[PDB]
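Heads up, the chain below is alone and in the form deposited in one PDB entry; it's given as structure tokens.
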């Protein structure tokens, strides 16, 4: 179960924009978030470690693997796999992705979210920043803000992807349909190549009042069946929105016949 790491395992560690590049002795390049550095904490190590164990049980080709956890005297860090091309929005913005690649990106997003929901894991904050892209344009879904992990989160454009049921009511526990809304605005982002809603306080009333992204800003050719999908995936009533198994059953045929 455990891969408890030590700081000693890493030869060097170059800082990033507390996220940090880190070269492991036997295992190569990795990315390390040191979430806390301070006094020796009250005994929540077991809780933190059990939570890290739960992150580590999430093992799937389209989901990021937590490779290890470092809990030293006044130093708490998590360690993940190195993804070369970074987040999805950076890949969309940096230079001209083909429809075949984006279609596959969508299929891998669906495959990954389906796994997550299949493990009883709702993603509270799904968005392009949380979709990391490797060297060969294959993706992995991530929770870089630690939204779903309560204890690590406590130890430390997000409103745009959040469902209107949550904009109304902060006490509302999310569901499988919460993420399908997010997935819809992700789809729009994938064909718009930009973050939506190009003021913060004012916008929240409009979205709860029915507003969605401007579809006429998708100046790139997006297929009708994908535009159909996002409209359905962002419906205001959650019971109207499909499940990810329902989306996969339809979209996998569509990918292979038309997109691939």
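By rigid core we mean the largest C-alpha set that fits within 1.5 Å across both forms. Numbering follows the first chain given and starts at 1.
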- [ ] Determine if residue 209 is unmodelled in a third or more of the other PDB entries compared for this protein.
- [x] no
Open item on the list: So residue 56 is built in this one, but is it left out in a third or more of the other compared PDB entries that include its neighbours?
Closed with: no
Task: Interresidue gap class [residue 239, residue 240; deposited sequence, unmodelled] - done: none
Task: Deposited-sequence gap flanked by residue 198 and residue 199 - done: 1 to 3
Task: Stretch with the higher entry mean CA B-factor, where the candidates are 64 to 72 and 40 to 48 - done: 40 to 48
TODO: Going by the average Cα B-factor in the PDB entry, point out whether 205 to 213 or 26 to 34 comes out higher.
DONE: 205 to 213
Open item on the list: Among the choices 94, 126, 133, 116, identify the one whose CA B-factor in the record is greatest.
Closed with: 94
Open item on the list: Test of reading the entry: by CA B factor among the chain's modelled residues, which third contains residue 173?
Closed with: middle
Open item on the list: Ranking every modelled residue in this chain by its Cα temperature factor as given in the entry, which third contains residue 12?
Closed with: lowest
- [ ] Consider only the C-alpha atoms of the modelled residues in this chain, order them by B-factor as the entry records it, and name the third containing residue 145: lowest, middle or highest.
- [x] lowest
Task: Third of the chain's Cα B-factor distribution that residue 158 belongs to, per the entry - done: highest
Open item on the list: What third of the chain does residue 58 rank in for C-alpha temperature factor, lowest, middle or highest?
Closed with: lowest
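This next part talks about the form deposited in another entry, which is not shown.
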Task: Flagged residue of 101, 147, 83, 122 - C-alpha shift reaching 2 Å or more between this form and the one not shown, core superposed - done: 147
- [ ] Using a rigid core alignment, state whether the CA of residue 43 is displaced by 2 Å or more between this form and the one not shown.
- [x] yes
Open item on the list: On a rigid core superposition, would residue 249 pass a 2 Å threshold for CA movement between this form and the one not shown?
Closed with: no
- [ ] Classify residue 11 as shifted (yes) or not shifted (no) between this form and the one not shown, where shifted means its C-alpha moves by 2 Å or more with the rigid core superposed.
- [x] yes
TODO: Report the direction of the Cα distance change between residue 90 and residue 12 in the other form, compared with the displayed form, as closer or farther; the change is 3 Å or more.
DONE: closer
